[PDB]
Amino acid sequence: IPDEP
Amino acid sequence: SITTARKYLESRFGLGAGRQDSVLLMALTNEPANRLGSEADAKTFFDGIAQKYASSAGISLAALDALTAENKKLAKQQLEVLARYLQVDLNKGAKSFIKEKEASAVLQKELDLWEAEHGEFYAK
Amino acid sequence: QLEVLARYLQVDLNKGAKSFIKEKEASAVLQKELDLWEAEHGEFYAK
Amino acid sequence: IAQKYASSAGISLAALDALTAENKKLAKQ
């Protein structure tokens, strides 16, 4: 799952 | 605490630092209006808030050919008998292709005897 | 009739002939490199 | 108990052809 800040 | 949220959002439902960063911010907009009783409720709330977060961002968690081959079987048999009639070799190009391909393999076998003997700098 | 059956069966009637003339200029390239060795070095050294 | 006994023993209680016929209709003619 793409870690989006 | 906040440490449990990381393993319940970025771990449980797979939510890393960046994923949990905007995941914990969604809870505020819909914080529990009272002290949560069950420990699963917090996770459920986080999971419930994650859905909105995911939504917010938009990233959520026969024989016909047997009849066909017999049609080409007729046309392939018709193709050979017309090539037989017109004296047309259907493989004259293919027989000469494989006969020059072993002929250009011979000169390659002679050409690399030069470079194996002499080397790449001398040959260049 | 031979062309229209080859059109039906998707049979290229010159795929062998197109690959024949494309390797014949490819074996002309290595011949053009192979005689650069013998023109430079000579027949006794090459043998 | 019979179920187990039975188990124990192992003895328990379109148009494609319309398209096809018109192809042979051509070859017969």
# chains A, B, ... in the order shown; residues from 1 in each chain; ligands from 1

$ closest_atom_pairs --of "chain C" --to "chain B" --cutoff "8 Å" --atoms "only C-alpha atoms" --output "JSON lines"
{"residue": "C:1", "atom": "CA", "partner": "B:82", "partner_atom": "CA", "distance": 7.6}
{"residue": "C:2", "atom": "CA", "partner": "B:79", "partner_atom": "CA", "distance": 6.1}
{"residue": "C:5", "atom": "CA", "partner": "B:75", "partner_atom": "CA", "distance": 6.0}
{"residue": "C:6", "atom": "CA", "partner": "B:79", "partner_atom": "CA", "distance": 7.2}
{"residue": "C:8", "atom": "CA", "partner": "B:75", "partner_atom": "CA", "distance": 7.7}
{"residue": "C:9", "atom": "CA", "partner": "B:72", "partner_atom": "CA", "distance": 6.1}
{"residue": "C:13", "atom": "CA", "partner": "B:90", "partner_atom": "CA", "distance": 7.0}
{"residue": "C:14", "atom": "CA", "partner": "B:93", "partner_atom": "CA", "distance": 6.9}
{"residue": "C:15", "atom": "CA", "partner": "B:93", "partner_atom": "CA", "distance": 7.6}
{"residue": "C:16", "atom": "CA", "partner": "B:94", "partner_atom": "CA", "distance": 4.1}
{"residue": "C:17", "atom": "CA", "partner": "B:93", "partner_atom": "CA", "distance": 4.1}
{"residue": "C:18", "atom": "CA", "partner": "B:93", "partner_atom": "CA", "distance": 7.7}
{"residue": "C:19", "atom": "CA", "partner": "B:97", "partner_atom": "CA", "distance": 6.2}
{"residue": "C:20", "atom": "CA", "partner": "B:97", "partner_atom": "CA", "distance": 4.2}
{"residue": "C:21", "atom": "CA", "partner": "B:97", "partner_atom": "CA", "distance": 7.9}
{"residue": "C:23", "atom": "CA", "partner": "B:101", "partner_atom": "CA", "distance": 6.7}
{"residue": "C:24", "atom": "CA", "partner": "B:100", "partner_atom": "CA", "distance": 6.7}
{"residue": "C:26", "atom": "CA", "partner": "B:104", "partner_atom": "CA", "distance": 7.8}
{"residue": "C:27", "atom": "CA", "partner": "B:104", "partner_atom": "CA", "distance": 4.8}
{"residue": "C:30", "atom": "CA", "partner": "B:108", "partner_atom": "CA", "distance": 6.8}
{"residue": "C:31", "atom": "CA", "partner": "B:107", "partner_atom": "CA", "distance": 6.8}
{"residue": "C:33", "atom": "CA", "partner": "B:111", "partner_atom": "CA", "distance": 7.8}
{"residue": "C:34", "atom": "CA", "partner": "B:111", "partner_atom": "CA", "distance": 5.7}
{"residue": "C:37", "atom": "CA", "partner": "B:114", "partner_atom": "CA", "distance": 7.6}

$ write_last_selection --atoms "N, CA, C and O atoms" --output "JSON list (two decimals), in the first residue's frame"
[["chain", "number", "residue", "atom", "x", "y", "z"],
["C", 1, "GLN", "N", -6.14, -17.81, -57.70],
["C", 1, "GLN", "CA", -6.75, -18.60, -56.64],
["C", 1, "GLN", "C", -5.75, -18.90, -55.54],
["C", 1, "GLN", "O", -6.13, -19.18, -54.40],
["C", 2, "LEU", "N", -4.46, -18.87, -55.86],
["C", 2, "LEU", "CA", -3.46, -19.23, -54.87],
["C", 2, "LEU", "C", -3.25, -18.08, -53.91],
["C", 2, "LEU", "O", -2.97, -18.29, -52.73],
["C", 5, "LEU", "N", -6.36, -17.87, -51.38],
["C", 5, "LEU", "CA", -6.33, -18.87, -50.31],
["C", 5, "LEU", "C", -5.23, -18.57, -49.31],
["C", 5, "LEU", "O", -5.38, -18.83, -48.11],
["C", 6, "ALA", "N", -4.11, -18.03, -49.79],
["C", 6, "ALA", "CA", -3.06, -17.60, -48.88],
["C", 6, "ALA", "C", -3.48, -16.36, -48.10],
["C", 6, "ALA", "O", -3.01, -16.12, -46.99],
["C", 8, "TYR", "N", -6.62, -16.01, -47.17],
["C", 8, "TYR", "CA", -7.59, -16.54, -46.21],
["C", 8, "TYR", "C", -6.89, -17.19, -45.03],
["C", 8, "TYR", "O", -7.24, -16.92, -43.87],
["C", 9, "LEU", "N", -5.91, -18.04, -45.29],
["C", 9, "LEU", "CA", -5.22, -18.78, -44.24],
["C", 9, "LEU", "C", -4.11, -17.98, -43.56],
["C", 9, "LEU", "O", -3.40, -18.56, -42.74],
["C", 13, "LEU", "N", 3.30, -15.87, -48.57],
["C", 13, "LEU", "CA", 3.92, -16.66, -49.61],
["C", 13, "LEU", "C", 5.37, -16.28, -49.85],
["C", 13, "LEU", "O", 6.05, -16.93, -50.64],
["C", 14, "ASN", "N", 5.84, -15.21, -49.23],
["C", 14, "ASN", "CA", 7.19, -14.73, -49.43],
["C", 14, "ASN", "C", 7.96, -14.55, -48.13],
["C", 14, "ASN", "O", 9.02, -13.93, -48.16],
["C", 15, "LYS", "N", 7.45, -15.07, -47.01],
["C", 15, "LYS", "CA", 8.16, -14.96, -45.74],
["C", 15, "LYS", "C", 9.51, -15.67, -45.79],
["C", 15, "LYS", "O", 10.49, -15.19, -45.22],
["C", 16, "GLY", "N", 9.57, -16.80, -46.49],
["C", 16, "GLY", "CA", 10.85, -17.43, -46.73],
["C", 16, "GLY", "C", 11.73, -16.64, -47.67],
["C", 16, "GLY", "O", 12.94, -16.58, -47.48],
["C", 17, "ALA", "N", 11.13, -15.98, -48.66],
["C", 17, "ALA", "CA", 11.93, -15.24, -49.63],
["C", 17, "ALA", "C", 12.39, -13.90, -49.07],
["C", 17, "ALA", "O", 13.48, -13.43, -49.42],
["C", 18, "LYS", "N", 11.59, -13.27, -48.22],
["C", 18, "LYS", "CA", 12.02, -12.03, -47.58],
["C", 18, "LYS", "C", 13.12, -12.28, -46.57],
["C", 18, "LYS", "O", 14.03, -11.47, -46.42],
["C", 19, "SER", "N", 13.06, -13.42, -45.87],
["C", 19, "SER", "CA", 14.12, -13.74, -44.93],
["C", 19, "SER", "C", 15.34, -14.29, -45.65],
["C", 19, "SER", "O", 16.45, -14.29, -45.10],
["C", 20, "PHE", "N", 15.17, -14.79, -46.88],
["C", 20, "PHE", "CA", 16.32, -15.21, -47.67],
["C", 20, "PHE", "C", 17.16, -14.02, -48.10],
["C", 20, "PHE", "O", 18.39, -14.07, -48.02],
["C", 21, "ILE", "N", 16.52, -12.95, -48.56],
["C", 21, "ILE", "CA", 17.27, -11.81, -49.06],
["C", 21, "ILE", "C", 17.75, -10.93, -47.92],
["C", 21, "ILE", "O", 18.62, -10.07, -48.09],
["C", 23, "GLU", "N", 18.95, -12.33, -44.99],
["C", 23, "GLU", "CA", 20.18, -12.92, -44.48],
["C", 23, "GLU", "C", 21.27, -12.91, -45.53],
["C", 23, "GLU", "O", 22.45, -13.04, -45.18],
["C", 24, "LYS", "N", 20.92, -12.74, -46.80],
["C", 24, "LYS", "CA", 21.92, -12.74, -47.85],
["C", 24, "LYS", "C", 22.68, -11.43, -47.87],
["C", 24, "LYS", "O", 23.84, -11.38, -48.29],
["C", 26, "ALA", "N", 22.98, -9.94, -44.91],
["C", 26, "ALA", "CA", 23.63, -10.05, -43.61],
["C", 26, "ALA", "C", 24.89, -10.90, -43.70],
["C", 26, "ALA", "O", 25.86, -10.65, -42.99],
["C", 27, "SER", "N", 24.89, -11.92, -44.57],
["C", 27, "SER", "CA", 26.10, -12.69, -44.81],
["C", 27, "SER", "C", 27.01, -11.98, -45.80],
["C", 27, "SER", "O", 28.16, -12.40, -46.00],
["C", 30, "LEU", "N", 29.19, -9.78, -43.16],
["C", 30, "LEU", "CA", 30.30, -10.47, -42.51],
["C", 30, "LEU", "C", 31.36, -10.88, -43.51],
["C", 30, "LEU", "O", 32.54, -10.99, -43.15],
["C", 31, "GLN", "N", 30.98, -11.08, -44.77],
["C", 31, "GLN", "CA", 31.98, -11.27, -45.82],
["C", 31, "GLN", "C", 32.76, -10.00, -46.06],
["C", 31, "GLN", "O", 33.97, -10.04, -46.30],
["C", 33, "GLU", "N", 33.46, -7.92, -43.80],
["C", 33, "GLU", "CA", 34.38, -7.82, -42.68],
["C", 33, "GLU", "C", 35.44, -8.90, -42.75],
["C", 33, "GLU", "O", 36.55, -8.72, -42.24],
["C", 34, "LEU", "N", 35.12, -10.04, -43.37],
["C", 34, "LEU", "CA", 36.06, -11.16, -43.37],
["C", 34, "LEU", "C", 37.18, -10.94, -44.38],
["C", 34, "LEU", "O", 38.29, -11.44, -44.19],
["C", 37, "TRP", "N", 40.11, -8.73, -43.22],
["C", 37, "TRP", "CA", 41.21, -9.40, -42.55],
["C", 37, "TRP", "C", 42.22, -9.93, -43.55],
["C", 37, "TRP", "O", 43.43, -9.76, -43.35]]

$ closest_atom_pairs --of "chain B" --to "chain D" --cutoff "9 Å" --atoms "only C-alpha atoms" --output "Markdown table"
| residue | atom | partner | partner_atom | distance |
| --- | --- | --- | --- | --- |
| B:63 | CA | D:16 | CA | 8.2 |
| B:64 | CA | D:16 | CA | 6.7 |
| B:67 | CA | D:20 | CA | 7.1 |
| B:71 | CA | D:23 | CA | 8.4 |

$ atom_distance --atom1 "atom CA of residue 54 of chain B" --atom2 "atom CA of residue 35 of chain B"
25.1 Å
